[PDB]
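If you read the sequences in order, they're chains A and B.
Anchor point for the first sequence: position 101 equals 680 in our numbering, and the numbering is continuous, going up by one each time.
Anchor point for the second sequence: position 7 equals 1165 in our numbering, and the numbering is continuous, going up by one each time.
Heads up, the beta-carbon is just placed ideally off N, CA and C, and yes, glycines get one too.
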Amino acid sequence: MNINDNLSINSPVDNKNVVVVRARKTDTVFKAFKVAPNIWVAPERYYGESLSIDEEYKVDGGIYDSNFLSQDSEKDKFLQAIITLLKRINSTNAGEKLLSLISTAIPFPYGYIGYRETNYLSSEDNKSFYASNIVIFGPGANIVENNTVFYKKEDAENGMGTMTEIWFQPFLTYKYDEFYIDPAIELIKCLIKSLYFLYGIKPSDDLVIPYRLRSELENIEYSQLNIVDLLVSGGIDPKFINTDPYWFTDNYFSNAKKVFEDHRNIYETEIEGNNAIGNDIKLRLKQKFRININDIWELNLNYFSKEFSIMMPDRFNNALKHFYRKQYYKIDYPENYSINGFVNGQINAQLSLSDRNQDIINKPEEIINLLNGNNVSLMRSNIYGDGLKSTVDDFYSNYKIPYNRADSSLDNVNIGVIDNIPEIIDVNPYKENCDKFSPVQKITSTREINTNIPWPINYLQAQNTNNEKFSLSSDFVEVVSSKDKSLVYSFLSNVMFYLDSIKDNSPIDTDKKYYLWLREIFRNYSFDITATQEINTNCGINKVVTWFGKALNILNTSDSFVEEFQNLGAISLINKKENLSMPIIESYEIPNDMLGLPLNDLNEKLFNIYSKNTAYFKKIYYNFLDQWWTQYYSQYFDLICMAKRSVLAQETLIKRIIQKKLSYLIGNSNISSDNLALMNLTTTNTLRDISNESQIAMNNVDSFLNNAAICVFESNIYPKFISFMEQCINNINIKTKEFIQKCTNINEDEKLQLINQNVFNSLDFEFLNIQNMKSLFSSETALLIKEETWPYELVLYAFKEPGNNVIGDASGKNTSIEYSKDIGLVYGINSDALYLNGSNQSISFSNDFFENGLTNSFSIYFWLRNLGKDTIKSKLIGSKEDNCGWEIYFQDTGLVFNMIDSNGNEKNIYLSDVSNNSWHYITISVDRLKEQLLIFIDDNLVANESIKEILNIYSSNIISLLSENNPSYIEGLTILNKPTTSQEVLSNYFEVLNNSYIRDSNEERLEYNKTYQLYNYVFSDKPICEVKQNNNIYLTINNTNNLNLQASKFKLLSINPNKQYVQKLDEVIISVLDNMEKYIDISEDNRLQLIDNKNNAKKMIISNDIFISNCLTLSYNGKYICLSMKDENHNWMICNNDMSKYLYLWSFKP
Amino acid sequence: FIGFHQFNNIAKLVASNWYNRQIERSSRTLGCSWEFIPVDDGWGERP
């Protein structure tokens, strides 16, 4: 937004927004650009760290380049990139507040020996000083590591506040699961942390909580994380430390709040209103103190993740180096990334791999040496540490849970007010405002350990080859003992089986043969990788990943991993089973000063102790939950990551196999040039289909393993808690009974009632909530991912704005819509429907998915009402190019669904009787895994066919809705990337159908004051007619064929003039036009008759059956309306409850 | 739909067709979803 855009690396020094300033007290100088008040960008490498460092000091996962950001071209690209990111952050209210706060957050000034500011940059000549809170540099030595440093440690810890330097890397990002890290949130993290430095609230380096149990190591060792980073970094982890009530504290919090008030006070009494100071400072201060210290502690990435709809890693996100090997991708501004973030979002952005990936330093935490019986090395695998500092030592054992207790954080930031504070111009500099910057040096220790039993990291490593030629094998021992060594380890049974079945076959020559091959390759991969089996466990039914044991070598010694896991339980999957440490408590003593109190006071004082206690219980439980997360979940998340890596390794093998075959045919075969062309385009789509299938599998292992971890809490941790708690309340119960007996000033009847009031039982501490356990893993990110990856490729919406008709796509995909300007909208079934006139009107939807291919599945559905005239075959909707793809046609009285591949194979299927000028729900389902086509009309399944004979349907990326020659209505058009089942169709159809509206015979909304004819469900072609008997007139139907009774004309009336459409439960008056207007009444015989006087008219309740879409029911005083027995012969309309259910269904036809 | 929008630092109740362009449940956080709280004997603070 209004971040300063006017800068380039060649911008001249103006001494206002572009300066050349000294770095701390060094001899070194650098150029800085002011992008916002008090906020500068210095587009070079951080000055404080040497660019070339000794090999011994290079950290794992680091990339070291001394010539990076050396050139002017690079520097500008940097400067623009940061400016771009700050613009994105400022373009959303949340991040706009963050920047505004940071801007006004200037550190507290020192006093006379008038006031001296510590936040400024010095000109080289040291006669000019520029206000700065924040300065953003490029990386230090390691060019993938962001950093946030303080100008002066003392001022960062003492409540004054200190300037903050940031080291940032806009040009590289990595993939985590299905998404790219968004540098915008990575920068927001650095910015949030600076808040701690600007306020002078930086905690001791020693204030540190347990993060991850290092379950990789033979010994007991924890990784720790400073409170600052935990609170800022977001994700799930913090939910365990930050709790209500708090089980974890430190003087830091209470003291920070204390000093903050001291400084606020110094401001209030002295600085504010002091004319010796000036607004650019005191006004900013006033805003800095509108905040509460708590607001900063409560502020973190999870909040911006949500406000910006940015995906971020949500679990152990400061330990990722251990769980993951990062692969870096280049980001170019603004081609890849702009003020709206990644072009095409974090999932589908097209980013190039960095050539730097090969320069990444690899320094394992430990190395797993796998030998054989002869003590010779088969394999050496790497395990990487998280980077965090460790122990020392065990926190849970020595931590006492305190018995005595002593959303939005940016709400109080005012953007308008802050933006009107003149910039700080005359600065009176405080001389020593900074520390000599001292670079951190780190030597990385590596452990070698030997095993005759393959670890998961071994089985993983065996799933990679650099061999251009390789063979899949299911024997791990054979793979690593290979005399080839061409073998690579694979669990894909269906794929390996298929590859073997075709081993002896004549080579692939036709394109048709390539497709048949590629398709079977795809189906089998899907079957292998998405395999799950539901099992009964201690805690329930879990959907188990079938190949898990064969992948990681876990419970793999059986012939089946699944049954062995059902047997041994969730805890059998991890290496360290007993990590718990019973926490140290605060022992229970009731004061000796209450011994003589009177009842009322004794009473209400034990009530206080009762609450403190039950709160204390809750704290203990929390402590157990944190240990679970740290000690146990950490190990299941390791399993999740390794399992996910296994899936990628396998996927890679598959793609390489496919790529080789395609590459080979293109290399030497007689296949036509443009057939090869199609093959190339098509295979690409198949490779996407393979990732989508891989993704389903990576979700499978996430649910499976998360459930397991939760089962371990119920089955293993929780019961240890319950043990500890009944020892605890057994004790408390004792001491409280002994206390009450020793009470002097109360009687014996009082003692018994009191002991009873104050006694604890197990229910007081049974806190397990399984739904809460499960909800832990639903983060903003998990949700965002769901919405980005759901099956909708097109969801058509339409509505009427004043003077405008709106049509759009809600799928959240890339769909582009182009349509005739004059297309009209009309209310359909549940919403506004598009009207196509058949002549000039058309609409078209564009999505790369729409082209289909060989291997993808999809569903098309929509509501359609056709004013049916001609029988002649006419395009309605379809996607076709080069005579491939699919089309739905109007033909005869029906539709035709057509499907045709590049080899000429066709589906041409007539769907009878769809143009009655009544709404119909069309569902078409194409399933390549089951090779099955399904076509539904309304609630019926009209076609079920094999499509094994249809191969490559690649079409354009455009679906065209033409509706040639047949004016029609189309509503709720949807495209899905998955097949549809019959349950889903029924659910879609009926759910949409009950919106409270009653419908006419055509399923259009029933209207008041509109003329209809009335028909009973049982005789559907016979309209109600009027007949007089004794000088008065009744309602019947015509069973004497052409007795020339005239169809009677009906109109529904409402007590409310403003009411237009008829709804479920409405009160109604039925009228008829004969000579005058006649209104319906009930006789004493319960036979309906037309009368003279609206006053006497009976008010009836109209309603409908949920499963009968075009029909309605009518009742009076609970008595429903139906057709009588034969009489005259005539069948009278009667109010009676004893007839067959079918006779109570009516419909109005206009 | 009736919802709210930030104008300066004020959150003003708004009718905005931007909602009608959205699919149903999106996140858990809508801005156009409301609750109607009647005075009830079961809660009973002082109005």
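Counting only residues of its own chain and dropping the five nearest sequence neighbours on each side, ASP1088 of chain A has a CB closer than 8 angstroms to the CB of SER1248, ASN1249 and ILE1250.
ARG1026 of chain A carries a strand assignment under DSSP once its states are collapsed to helix, strand and coil. The continuous alpha helix (DSSP H) containing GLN659 of chain A extends over residues 651-669. For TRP1192 of chain B, the secondary structure class from DSSP, reduced to helix, strand or coil, is coil. In this structure, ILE668 of chain A and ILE767 of chain A form a Cβ contact; the two beta carbons are roughly 6 angstroms apart against a cut-off of 8 angstroms. Taking 9 angstroms as the Cβ-Cβ cut-off, the segment 1175-1186 of chain B approaches chain A at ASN1175, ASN1178, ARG1179, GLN1180, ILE1181, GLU1182, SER1184, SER1185 and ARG1186, given in chain order. In summary, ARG1666 of chain A is buried, with 16 or more beta-carbon neighbours lying within 10 Å of its beta-carbon over all protein chains present. For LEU957 of chain A, the enclosing beta strand (DSSP E) has its first and last residue at 956-962. The contact set of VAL1374 of chain A on chain B, defined by CB atoms closer than 7 angstroms, consists of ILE1181 in chain order. Only residues of its own chain outside the window of five on either side were considered, and among them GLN803 and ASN805 have a CB closer than 6 angstroms to the CB of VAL787 of chain A, listed in chain order. Taking a beta-carbon distance threshold of 7 angstroms, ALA1389 of chain A counts as an interface residue toward chain B. Neighbours of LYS885 of chain A in chain B, taken as residues at a C-beta separation under 8 angstroms, are given in chain order as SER1185 and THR1187. Taking a contact as a CB-CB distance under 8 angstroms, the pair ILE946 of chain A and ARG843 of chain A does not count as one, their CB atoms being some 55 angstroms apart. The beta carbons of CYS1690 of chain A and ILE1700 of chain A sit no closer together than 7 angstroms. Just measuring C-alpha positions, the residue of A:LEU700, A:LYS637, A:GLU847 and A:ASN1531 sitting nearest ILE1004 of chain A is A:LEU700. The Cβ-Cβ distance between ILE715 of chain A and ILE745 of chain A falls below 7 angstroms. Non-local C-beta neighbours of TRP876 of chain A in its own chain, meaning closer than 7 angstroms and more than five positions away in sequence, comprise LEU810, ordered along the chain. Judged by their CB atoms, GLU1372 of chain A and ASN1531 of chain A are not nearer to each other than the 7 angstroms cut-off. Using a Cβ-Cβ cut-off of 7 angstroms, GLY995 of chain A is close to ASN1166 and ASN1167 of chain B, given in chain order. Residues of chain B whose Cβ lies closer than 8 angstroms to the Cβ of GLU1366 of chain A are, in chain order, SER1184 and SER1185.
If you draw a straight line from the Cα of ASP1107 of chain A to the Cα of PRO1370 of chain A, it comes to about 21 angstroms.
Judged by beta-carbon spacing, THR1615 of chain A lies beyond the 7 angstroms limit of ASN1716 of chain A, meaning their Cβ atoms are not closer than that value. Contact between the segment 1270-1284 of chain A and the segment 1098-1115 of chain A is present: three or more C-beta pairs spanning the two stretches fall below 8 angstroms. For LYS837 of chain A, the uninterrupted alpha helix (DSSP H) segment begins and ends at 830-845. By the Cβ neighbour-count rule, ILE1168 of chain B is exposed, with fewer than 16 other Cβ atoms within 10 Å of its own.
Here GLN925 of chain A really is in contact with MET890 of chain A; their C-beta atoms are around 5 angstroms apart, less than 8 angstroms.
Comparing alpha-carbon positions, the option among A:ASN936, A:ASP965 and A:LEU957 lying closest to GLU944 of chain A turns out to be A:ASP965. Going by C-alpha positions, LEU1693 of chain A is about 45 angstroms away from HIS1163 of chain B. Each of A:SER629, A:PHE776, A:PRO892 and A:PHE1140 was checked against the Cα of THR697 of chain A, and the nearest Cα belongs to A:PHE776. Per the DSSP secondary-structure output, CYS1322 of chain A pairs with nothing in a beta bridge.
Interface criterion not met: the Cβ of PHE1424 of chain A is under 7 angstroms from no Cβ in chain B.
In its chain, beyond the 5 residues on either side, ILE1296 and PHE1300 have a beta carbon closer than 7 angstroms to the beta carbon of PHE1203 of chain A. With fewer than 16 other beta carbons inside 10 angstroms of its own, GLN1320 of chain A counts as exposed. At least one C-beta of chain B is nearer than 7 angstroms to the C-beta of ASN672 of chain A. Our two residues, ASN1037 of chain A and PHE1283 of chain A, have alpha carbons roughly 22 angstroms apart in a direct line.
The beta carbons of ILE1537 of chain A and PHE1429 of chain A sit about 7 angstroms from each other, so the pair counts as a contact at 8 angstroms.
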